[PDB]
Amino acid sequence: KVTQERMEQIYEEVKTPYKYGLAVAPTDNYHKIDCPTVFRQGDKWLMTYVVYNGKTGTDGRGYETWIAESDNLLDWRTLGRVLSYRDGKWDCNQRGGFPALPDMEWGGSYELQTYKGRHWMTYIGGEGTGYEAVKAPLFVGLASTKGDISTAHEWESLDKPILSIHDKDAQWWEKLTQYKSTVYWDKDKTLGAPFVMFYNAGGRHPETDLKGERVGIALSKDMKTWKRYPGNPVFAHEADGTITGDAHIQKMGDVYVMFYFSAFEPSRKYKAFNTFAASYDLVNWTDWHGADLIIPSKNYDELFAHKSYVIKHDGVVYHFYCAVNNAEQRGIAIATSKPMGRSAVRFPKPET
């Protein structure tokens, strides 16, 4: 267990009280933008994000992954797609990606690392249309590129998922569908493998029959072949329909900090939010006992303020998150550790 004192120090280190506002927003009501991953190459900042091209649960085709660039972490310009609808394949309708092998050092380079001369990415893949898993389940895919990661070009992908709910070795907590994943390079082989995947998935608890989304680990020596951690899930909050997910891990000294979101948690009077946990061993997680890091509080995030990517750079913490309002407009916003101005980006006028 991480001490209360150390948990309080981590909170003071990572907090972002000051909402800059939207970073990336849809220009109409029939697109939704989510799932930031921020990284650096040279002195350019890059963000991958997913786009759903519908207003409702069923009108859109599904996820594509786009990339945007920035010089200052605040002002962003969209470049184009990096994972597009892939006709004739298992993932033809859902392609929502999450770059892999980030430098995990808190306040470090924020670069993506190479393996076998390539950059890597995992993704939400599936053949159902609509929003996420409404028509069909979602599985974990693997992508990679030998290209320049600062360019909107198509990354290459496998013709089978790397993990799926139908696998012989699939566990109870992931039987319904898989959701976000992120693969880390663990130099220390803390869990007996160099590649450690943190992912969230839906299932039913074998004792209580409660449905929810929970976080677990998968392990690999080559990016291609994966085994589940036998002790999965490693982080969950047990209530009816509660979501725990989008685990985002950075190493701060001798401790790992997991930024995560939760939704439909009974102990909160807002519907979705970000907080953190910490661990020395990647498996046993101590939950923060204080105020949540990001909560609904502005027009633009009044329903959900949730999902994390966190950059500490030049003495300032930038917490990227997905903002959803009561009209269910969806985009990516930023909060910071000191005021950094105000975004000029707005959502479109909502539909009546």
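Residue indices: 1-based, along the sequence shown.
Comparing 148-156 with 247-255, the higher mean C-alpha B-factor in the PDB entry belongs to 247-255. Here the stretch with the larger average CA B-factor, out of 108-116 and 195-203, is 108-116. The maximum CA B-factor among the listed residues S297, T286, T27, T48, taken from the PDB record, is found at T27. Residue set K224, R81, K271, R86: peak C-alpha B-factor at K224 (per PDB entry). For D59, the recorded CA B-factor ranks within the highest third of the chain. Only modelled residues enter the ranking.
In the PDB entry, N232 places in the middle third of its chain by CA B-factor. Placement of the Cα temperature factor of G331 within the chain: lowest third of the modelled residues, per the deposited record.
In the deposited entry, the Cα temperature factor of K175 sits in the middle third of values across the chain's modelled residues. Placement of the Cα temperature factor of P339 within the chain: middle third of the modelled residues, per the deposited record.
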